[PDB]
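Structure first, commentary second.
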Amino acid sequence: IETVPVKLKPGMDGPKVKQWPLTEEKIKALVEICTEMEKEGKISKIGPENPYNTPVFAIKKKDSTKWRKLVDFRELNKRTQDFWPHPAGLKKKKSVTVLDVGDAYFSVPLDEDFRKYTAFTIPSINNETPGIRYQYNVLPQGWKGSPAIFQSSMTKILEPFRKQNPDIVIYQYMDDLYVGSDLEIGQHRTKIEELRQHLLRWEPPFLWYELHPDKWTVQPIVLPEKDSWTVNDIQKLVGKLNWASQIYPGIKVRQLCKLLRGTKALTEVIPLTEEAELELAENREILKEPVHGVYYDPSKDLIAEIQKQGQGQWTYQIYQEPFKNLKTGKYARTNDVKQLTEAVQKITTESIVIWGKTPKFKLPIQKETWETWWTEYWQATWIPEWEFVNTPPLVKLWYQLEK
Amino acid sequence: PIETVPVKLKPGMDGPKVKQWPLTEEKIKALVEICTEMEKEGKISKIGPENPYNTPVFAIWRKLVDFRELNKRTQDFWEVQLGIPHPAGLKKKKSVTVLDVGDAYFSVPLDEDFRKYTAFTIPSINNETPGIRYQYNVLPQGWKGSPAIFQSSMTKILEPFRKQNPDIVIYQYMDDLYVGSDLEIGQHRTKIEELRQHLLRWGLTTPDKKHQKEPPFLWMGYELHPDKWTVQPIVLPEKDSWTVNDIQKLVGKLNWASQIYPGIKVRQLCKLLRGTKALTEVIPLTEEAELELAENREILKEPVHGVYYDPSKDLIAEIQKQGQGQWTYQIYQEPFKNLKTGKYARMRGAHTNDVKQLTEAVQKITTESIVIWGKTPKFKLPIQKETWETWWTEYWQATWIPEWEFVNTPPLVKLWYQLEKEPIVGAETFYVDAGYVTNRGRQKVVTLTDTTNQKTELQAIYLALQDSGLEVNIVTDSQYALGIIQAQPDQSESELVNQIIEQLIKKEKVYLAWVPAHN
Ligand SMILES: CC[C@H]1C(=O)Nc2ccc(F)cc2N1C(=O)OC(C)C
Ligand SMILES: [Mg+2]
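Chains as they are written, first to last, in UniProt numbering: chain Y, 592 to 675, 682 to 799, 811 to 816, 819 to 943, 949 to 1018; chain P, 591 to 650, 658 to 1030, 1042 to 1126, 1132.
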């Protein structure tokens, strides 16, 4: 009755997603959590007439020893009707603390006719029992409609702090609230508390400590700078340059190329000629800045690829049209998978902060390994889209800072 | 009674209206005695000729209703099972009783609003005698939602008994109720009687202790004892002429035994299927197929049991390389008491090395373990940490193996070669493009036949490797060949690649570089 009538996009039916198998530790955490959500009317056991399913997972958190239930609503989120802004001021604040306000949802009931689409299953070890089935009664954490539906109620609540602390940029995204302020880190955390407690007024633990958007400088392309240049060096250099010429057409190779005149031994040292020292120096300048004319339009998808740079280092880029990167960065400091998941999250927290959307990730990892271990390290409350790929050889070369 | 699960027809669709085919008067009688009693039990009820719906019915006497139309119109239900347990995950019990649940679907109400779509018709003998129309009051055999609704009811009807008796394991499977415990013989038989009474007080009837199946329980291709498990009896056929069909069925059964019989091999056997033209075609057995067959029937002559999972103890998984692209493994808890075993041969990709392939076997085993035991085992592997890290750090894809211990049990896995990371000073340099030109003036233009733009870029390099000495620097314009060699395989589907690999293993130092077009 009180609920807001929600519907799926026209023609669409509910999600029937397969639940990845879980470890008994996670199942144990999921049973304890869900048993309590049931005693409190948040979720209800469902019968066999509900054919839908969304996967569930358990994760660990920050500043806690408790488990957090994570519902993979990606599929449902895509079949849910659109609802009919984004402060670029946010990426300019000295600091931003991320809050988990997902709990505010457990008060608003959910349209009785939509509930069945929130069905999920807690699996059993070795299939020895059917699996415990449930659906949501209230707005669930992780569903695209929850922030949308609790928006009115969320503004009213923020209205005060808003006018009272005009020096703060409060941005909401899914179950997260982003709090930005140029105040000194000292006083920053104090003002966060005056927000947490003002939320209790109507809770919210920290995600991450702060992020510092202000220094999210792009990682440009660099050429090696050496004393003596062998033939091999010149060949790597031209190759790198030629590919970079796809982006920056001002890049000229002609002169460096007149150096690999014929078939010389790879290790032969080649002093560079005037015409050439000047060509390298000039290509060098063109790369000092990211290419002009690259603008983000909300109309298209944000794609993100990550490359393994070996020795605990990774590189990544964000773009919408190939070669037109909106951002390109690095990440270092564990095991391969642990790092990949942190980078993935760090890069996601960035697109959200910068453009308000999570990007589509192209990951260099076998799917089964990712599906097996990502939850052991995941801390976010959201889950971006991802596909799996193989990183060609040369793409890595062309992307890192070796001395 | 038990609560009712509401059912609906698919969106838009209307109930069934397919007319009853002619019924032999001998069959009409039969169906009237059958349907009249079903109305005496509660299963069905006569309905007034205003119910447009109707579903066919013939007689086999047992009444068999044809619901393939109503089913097409009935809503989708939550999957009935999708996944049975594996013996290796089961626990050891002192006693295990299997309780056949009779007239299961018959003892569960069917959503009232739905019943009118279950309407069927018994044709009158006389061109105008009865012509009675019935509808179901319970779950109909053959109807789309009966398996699902039944199981879901059984679960609820079992819940309390399960809370009262937490020392009793109960597994529901279609029509069987496998009940197990560690109670002493006598107490177990009493719980089995109580339970029997618990189901009864809900109408669910079962078989007496005299009539209930006694283990070994033959289930889903296995042989179950309260304390152990194996695969049902299976030794190999004796024959003079083997047909493709026989071979495939043979290969099929040998694989099945791999989950518990370590050592089974199928390679020589599989190889017989090459170029086969008909299922009925005979294929004589190679000296090698006979040896492999002879060894399989010997392994399969002495039965092996698998113990059950003891949750108090760790899981250990040990892997061995049993040939190129072949891996065997076994998971045990009690040193060498096999919970399970298996073999792994999947070659993800056209090329690979024993390291990548051992790592993929570790992921398959990890996934399997998470399904069966809900956790990952401590791994014992024939590879040293240093060989592992060394390929890890240098590979582009991201990967991660759980806690494992090196176990010096050959063959140890390793890398046969490694490409330098810097050009070699003093090594001749080949620029390949189907031939090459060296910096010392050598050249070998060769024109190949029946090639592929890609297989040609690989031949260039191969030639360069052959004519060069122990140390060599090679320059190619192929990103493709570059990718393959750089991945550093030691095994491939391609013979060419395999040739390059033998070459690379022999070299002392090889450096590969790439440069674009324009040599
Ligand atoms: C009921 C107890 C349960 C179990 O833990 N161990 C055994 C051991 C021997 C058996 F014959 C059955 C089973 N069990 C089981 O669920 O078997 C289904 C897969 C058929
Ligand atoms: Mg060339």
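Ideal placement from N, C-alpha and C gives every residue a C-beta, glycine not left out.
Would you say residue i touches ligand 2, meaning its beta carbon is less than 8 Å from a heavy atom?
i: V841 (chain Y); result: no
i: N644 (chain Y); result: no
i: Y1028 (chain P); result: yes
i: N1132 (chain P); result: yes
i: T1084 (chain P); result: yes
i: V1123 (chain P); result: yes
Going by DSSP in three states, residue i sits in which element: helix, strand or coil?
i: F717 (chain Y); result: strand
i: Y643 (chain Y); result: coil
i: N1081 (chain P); result: strand
i: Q981 (chain P); result: coil
i: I681 (chain P); result: coil
i: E781 (chain P); result: coil
i: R793 (chain P); result: helix
i: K617 (chain Y); result: helix
i: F703 (chain Y); result: helix
i: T787 (chain P); result: helix
i: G872 (chain P); result: coil
i: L912 (chain Y); result: coil
i: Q994 (chain P); result: coil
i: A854 (chain Y); result: helix
i: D697 (chain Y); result: strand
i: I592 (chain P); result: coil
i: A1125 (chain P); result: coil
i: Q1015 (chain Y); result: coil
Rounded to the nearest angstrom, how far is the Cβ of residue i from that of residue j, given a contact under 8 Å?
i: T715 (chain Y); j: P737 (chain Y); result: 6 Å
i: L736 (chain P); j: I746 (chain P); result: 6 Å
i: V597 (chain P); j: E640 (chain Y); result: 6 Å
i: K975 (chain Y); j: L912 (chain Y); result: 7 Å
i: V608 (chain Y); j: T645 (chain Y); result: 6 Å
i: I916 (chain P); j: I861 (chain P); result: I916 (chain P) to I861 (chain P), Cβ: 16 Å. No contact.
i: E889 (chain P); j: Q865 (chain P); result: 4 Å
i: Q930 (chain P); j: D907 (chain P); result: 6 Å
i: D843 (chain Y); j: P830 (chain Y); result: No, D843 (chain Y) and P830 (chain Y) are not in contact; Cβ-Cβ is about 20 Å, not under 8 Å.
i: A685 (chain P); j: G971 (chain P); result: Not confirmed; about 12 Å, so no contact.
i: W658 (chain P); j: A701 (chain P); result: With 8 Å as the limit, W658 (chain P) and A701 (chain P) do not qualify as a contact, their Cβ atoms being about 21 Å apart.
i: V841 (chain P); j: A875 (chain P); result: 7 Å
Hey, is residue i close to ligand 1, as in C-beta under 8 Å from one of its heavy atoms?
i: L780 (chain P); result: no
i: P823 (chain P); result: yes
i: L687 (chain P); result: yes
i: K918 (chain P); result: no
i: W839 (chain P); result: no
i: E725 (chain Y); result: yes
i: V693 (chain P); result: yes
i: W816 (chain P); result: yes
i: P684 (chain P); result: yes
i: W826 (chain P); result: yes
i: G903 (chain P); result: no
i: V968 (chain P); result: no
i: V705 (chain Y); result: no
i: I681 (chain P); result: yes
i: residue 817 (chain Y); result: Since the model of chain Y passes from 816 to 819 in one step, residue 817 (chain Y) is not part of what is shown.
Nearest chain B C-beta to residue i closer than 9 Å, yes or no?
i: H795 (chain P); result: Annotation note: the requested chain B is absent from the structure, which comprises protein chains Y and P.
- Item | Segments of 4+ residues assigned as alpha helix (DSSP H) that fall wholly inside the segment 861-887 of chain Y | 864-867
- Run through the segment 809-841 of chain P for me and flag every whole beta strand (DSSP E) of 3 or more residues, listed as ranges in chain order. 814-816, 819-821, 826-828
- Task: Would you list, in sequence order, the uninterrupted alpha helix (DSSP H) runs of no fewer than 4 residues that lie entirely inside the segment 694-774 of chain P?
- Result: 709-712, 743-761
- Message: At 4 residues or longer, what runs of the alpha helix (DSSP H) sit wholly inside the segment 954-992 of chain Y?
- Response: 982-992
- Inter-stretch contact (C-beta, 8 Å, three-pair minimum) for the segment 634-642 of chain P and the segment 718-731 of chain P: yes
- Which runs of the beta strand (DSSP E) spanning at least 3 residues fall entirely within the segment 614-641 of chain P, listed in chain order? 634-636
- Do the segment 993-1001 of chain P and the segment 907-924 of chain Y meet, that is, are 3 or more Cβ pairs less than 8 Å apart? yes
- Message: Across the segment 841-858 of chain Y and the segment 732-752 of chain Y, are there enough close Cβ pairs to call them in contact, namely three or more that are closer than 8 Å?
- Response: no
- Message: Any contact between the segment 1010-1025 of chain P and the segment 870-887 of chain Y? By contact I mean 3 or more CB pairs, one from each, below 8 Å.
- Response: yes
- Whole alpha helix (DSSP H) runs in the segment 901-981 of chain P with 4 or more residues, listed along the chain? 951-969
- Task: Decide yes or no for the touch test of the segment 694-701 of chain Y against the segment 775-785 of chain Y: beta carbon pairs closer than 8 Å, at least 3 of them.
- Result: yes
- So, do the segment 779-791 of chain P and the segment 755-768 of chain Y have three or more beta carbon pairs nearer to each other than 8 Å? no
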